[PDB]
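Quick notes on the structure that follows.
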Amino acid sequence: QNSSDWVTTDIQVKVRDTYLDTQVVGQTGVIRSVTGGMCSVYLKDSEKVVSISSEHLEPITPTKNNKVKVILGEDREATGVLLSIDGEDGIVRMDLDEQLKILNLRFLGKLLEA
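The number in the entry's author numbering is simply the position in the sequence shown, starting from 1, with 13 added.
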């Protein structure tokens, strides 16, 4: 694989059960800072700041009418709202130009409104 370039900030992450901290397993947190070495995610449930490796973090799927961010592709670092999704892919609308674009859910990350 060697695909560790799938780390984006402002997106929600899911603690995989493979994480050593079983107390944070299944818990969701927000990514504040990203570092090729490690990732910094804040656990909303733990209300604390902790750093987790992308291998221990899981991407969250954005819901309709929800904000999503391109974590992969040339549009990386781009944000937008999801208007609909295709069982085969995921159609999203760019909140910047309001233009509609189609992207696989694998490249769509769920953002936390908070």
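All C-beta atoms in this analysis are idealised placements derived from N, C-alpha and C, irrespective of residue type, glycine included.
Exercise. Tell me the DSSP bridge mates of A91?
Worked result: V83
For this session: With distances taken Cα to Cα, identify the nearest neighbour of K57 among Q40, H69, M51.
Result: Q40 is the residue among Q40, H69, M51 whose C-alpha sits nearest the C-alpha of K57.
Problem set entry | Check whether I73 and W19 have beta carbons under 8 Å apart | For the pair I73 and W19, the CB atoms are not nearer than the 8 Å cut-off.
For this session: Could you tell me the distance, in whole angstroms, from the CA atom of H69 to the CA atom of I115?
Result: So the two alpha carbons sit approximately 28 Å from each other.
For this session: Kindly confirm or deny that the region 24–44 and the region 93–106 touch, where touching means at least three C-beta pairs closer than 8 Å.
Result: No, the region 24–44 does not touch the region 93–106.
Problem set entry | Which listed residue (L96, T21, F120) has its alpha carbon closest to that of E111 | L96
Problem set entry | Runs of alpha helix (DSSP H) wholly within the region 27–75 (minimum 4 residues, chain order) | none
Exercise. Which value, in whole angstroms, describes the spacing of the CA atoms of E71 and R119?
Worked result: 11 Å
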